[PDB]
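One-letter residues, chain by chain:
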Amino acid sequence: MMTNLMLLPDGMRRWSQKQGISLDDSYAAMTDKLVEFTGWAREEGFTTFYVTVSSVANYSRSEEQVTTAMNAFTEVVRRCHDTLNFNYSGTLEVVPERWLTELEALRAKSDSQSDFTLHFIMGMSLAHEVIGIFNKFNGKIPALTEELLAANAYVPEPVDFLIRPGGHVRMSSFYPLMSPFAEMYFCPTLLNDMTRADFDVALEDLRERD
Amino acid sequence: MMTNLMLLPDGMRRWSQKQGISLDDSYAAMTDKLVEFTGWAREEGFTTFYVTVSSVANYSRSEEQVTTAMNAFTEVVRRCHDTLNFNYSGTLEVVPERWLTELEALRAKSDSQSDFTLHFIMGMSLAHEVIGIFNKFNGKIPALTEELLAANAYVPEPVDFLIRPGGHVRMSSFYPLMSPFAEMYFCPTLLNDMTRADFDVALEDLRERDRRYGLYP
């Protein structure tokens, strides 16, 4: 019985500036924090925890920024894959092959029997998502149906809750296509500063909406 | 350096309960307020003011509620259409045809030369929007491109700022397909209670934001 949570990670540069550390050290703190957050989501009974790893636009950042970010997220999967089910999706042709190869190996290696899923979406972009779906079915079905669209969207189910820390109130290409009834929560706390209590009051806010 | 603005109207039932008036009277206040808001948006230099009139789900309400809402929205256009450019889009097959006929007549009567556009989107729903675009081009083009998608999306351009009063922090069926970096502003104030000052403070918030578009400056 699915209940899901999606996190839009944010704040790594401001956190590096705040702490007087490198962007690499800030992304290392992000790796730690995302492992924590994954554990929190699991304890709270969410069936899938979605993490919006990257947009298409993110891959126009520098090669060093792309490498730093992708290694930090992948490291989350390296640490967690043995104890959960891992999956990923998105505009895979814009992800550098090194990360796709490692993430595919980790997905194949993950605990498929787990009742908890960590799911990465990479290269998020509604335009690219729709274009890929069209090109897949173009001329091959009489009409596109809601069922087929849902079966081919990057996020394979509706999102219950979406959280974006870091003070930006925007989706930044990370909006989940098939979630018309998702509740959103934004907070100024930088991701790397989020505590379990911050997460819990975020969930109080999200769950109490009448 | 041109900008556009989108409003997600909300709160008519709660406002009728708050004021102790009929739903019809609440939608009449909404009509008045949306005329105000359109004027405010024009004064602030926005090139287009988009209003998310309805979702597909809205049309599963009773026929009386649908008629009340659609008449209240159309009345905005009846009052202002002569001095601006009016246009509309969306999942038009779920809109009762009466309103489509009237809105088309109002569009023809509007000032297409105006430097300000009021644009209604009706029957918003990303699933229906995508399904409509697919079914339109299914088997008739070699591949879908970003240009064709952009040229066929309900909202004909990326949205800069969107405002949702009414206290719900969610997009419902109203997220604009081709606006990956739209800035969003939520406030608890009901639409029918929004003042010019509320709008201005929203604009201070929205205009002060550092827009990065996924890049590192």
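Residues numbered from 1 in each chain as written, not as in the entry; some residues may be left out. Chains lettered and ligands numbered in written order. Heavy atoms only, no water.

K.L.:
How should I be thinking about the overall build of chain B in this particular structure?
P.N.:
Counting its secondary structure elements, chain B contains 7 helices and 6 strands. Each helix and strand of chain B, ordered N terminal to C terminal, gives the series β-α-α-β-α-β-α-β-α-α-β-β-α. For 217 residues, the compact-globule estimate of 2.2 N^0.38 gives 17 Å, and the C-alpha radius of gyration of chain B, at 17 Å, lies within 12% of that figure. Dimensions along the principal axes, computed over C-alpha positions, put chain B at roughly 55 × 45 × 35 Å. Residues classed as buried in chain B amount to 56% of the 217 residues present. (Helix = DSSP H or I, 4+ residues; strand = E, 2+ residues; numbered from the N terminus. Rg over C-alpha atoms; globule rule 2.2 N^0.38 Å. Buried < 20%, exposed > 50% of the residue type's maximum accessible area, 1.4 Å probe, protein only.)

K.L.:
Explanation requested: the UniProt feature "binding site: Mg(2+)" (unreviewed entry) in chain B in the structure shown.
P.N.:
All names here are of chain B. Per the UniProt annotation, the sites labelled "binding site: Mg(2+)" (unreviewed entry) are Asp-10. Here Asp-10 is to be found in the loop between β1 (5-7) and α1 (12-19). Not counting residues within four places of it along the chain, the set of residues in contact with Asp-10 comprises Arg-164, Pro-165, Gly-166, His-168 and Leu-191. Polar contacts involving the side chain of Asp-10 include one to the side chain of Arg-14, which spans 3.0 Å. (UniProt positions renumbered as here; feature names shortened; annotations may be inferred. Contact = heavy atoms within 4.5 Å. Polar contact = N/O pair within 3.5 Å; in protein donor to acceptor, adjacent residues only side chain to side chain.)

K.L.:
For this particular structure, what's the right way to read the layout of surface pockets?
P.N.:
Unoccupied space between atoms shows up once a probe the size of one water molecule is rolled over them. When its volume is computed, the largest pocket comes out at roughly 800 Å³. What lines the largest pocket is a set of 32 residues, and nearest its centre among them are B:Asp10, B:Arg13, B:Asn58, B:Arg61 and B:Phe174. Among the secondary structure elements, those contributing two or more residues to the lining of the largest pocket are α1, α2 (23-43) and α3 (63-80) of chain B. Looking at the lining of the largest pocket, the element that brings in the most residues is α3(B), giving 5 residues. Reported here for the second largest pocket is a volume of approximately 390 Å³. Considering the residues around the second largest pocket, the lining is formed by 26 residues, among which B:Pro158, B:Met178, B:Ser179, B:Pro180 and B:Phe181 are closest to the centre. At the level of elements, α5 (126-137) of chain A together with α6 (146-152) of chain B are the ones that each hand at least two residues to the lining of the second largest pocket. Of the residues that constitute the lining of the second largest pocket, the class distribution is 18 nonpolar, 4 polar and 4 charged. (1 Å grid on protein atoms, 1.4 Å probe; cavity = no way out; pocket = protein on both sides within 12 Å on 5 of 7 lines; lining within 4 Å. Points joined across faces, edges and corners; volume = space filled by probe spheres on them. Nonpolar A, V, L, I, M, F, W, Y, C, P; charged D, E, K, R; others polar.)

K.L.:
Is there a simple way to explain helix α4 (residues 97-109) of chain A in this structure?
P.N.:
One turn of an α-helix holds 3.6 residues; hence residues three or four places apart share an orientation. Residue and element names in this part refer to chain A. With 13 residues, α4 ought to run about 18 Å at 1.5 Å a step, and its terminal C-alpha atoms sit 18 Å apart, in line with that. Residues of α4 that are buried include every one of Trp-99, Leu-100, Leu-103 and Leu-106, and no others. With its buried residues spanning 130 degrees around the axis, α4 presents them on a single face. The exposed residues of α4 that point more than 90 degrees off its buried face are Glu-97, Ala-108 and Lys-109. On the buried face of α4, the contacting elements are α3 (63-80), β3 (85-90) and β4 (117-122). (Expected span 1.5 Å × (residues − 1). Arc of directions from axis to C-beta.)

K.L.:
Would you take a moment to explain the UniProt feature "binding site: Mg(2+)" (unreviewed entry) in chain A for this structure?
P.N.:
In this structure's numbering, the residues bearing the UniProt feature "binding site: Mg(2+)" (unreviewed entry) are A:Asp10. Mapped onto the elements of the fold, A:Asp10 is located in the loop between β1 (4-7) and α1 (12-19). Residues in contact with A:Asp10, not counting those within four places in the same chain, are A:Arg164, A:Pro165, A:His168, A:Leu191 and B:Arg212. Here the side chain of A:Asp10 touches A:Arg164 through a polar contact of 2.9 Å, side chain to side chain.

K.L.:
What is the right way to read the nonpolar core from this model?
P.N.:
As a rule of thumb, soluble globular proteins bury nonpolar side chains together. Membership of the largest hydrophobic core comes to 57 residues, with the highest contact counts inside it found for A:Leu144, A:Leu149, A:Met171, B:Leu149, B:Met171 and B:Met184. Beyond its immediate stretch of four places on either side in the chain, A:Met171 contacts A:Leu8, A:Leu162, A:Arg164, A:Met184, A:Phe186, B:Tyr175, B:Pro180, B:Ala182 and B:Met184. Counting residues in each nonpolar core, the second largest holds 45 residues, with A:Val76, A:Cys80, A:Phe161 and A:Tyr185 among its members. (Core = buried A, V, L, I, M, F, W, Y, C linked by side-chain atoms within 4.5 Å.)

K.L.:
Just checking my understanding: could you explain the sheet that holds strand β6 (residues 183-186) of chain B for this structure?
P.N.:
To summarise the sheet geometry, strands pair through backbone hydrogen bonds and adopt either a parallel or an antiparallel arrangement. All names here are of chain B. Here 6 strands make up an open sheet; going across it, the order is β3-β4-β2-β1-β5-β6 and the pairing parallel. The sheet is open, and its two borders are formed by β3 (85-90) and β6, each paired with just one other strand. Averaged over all pairs of adjacent strands, the angle between their axes in this sheet comes to 20 degrees, without regard to strand direction. As paired elements, strand β5 (residues 161-164) and β6 share 4 bridges and run parallel to each other. Bridge pairing in β6 links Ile-163 to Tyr-185. Against the sheet, α3 contacts β2 (48-52), β3 and β4 (117-122), and its axis sits at roughly 165 degrees relative to β4. (Pairing = 2+ DSSP bridges. Axes fitted to C-alpha atoms, helices over the stretch in contact; angles between N-to-C directions.)

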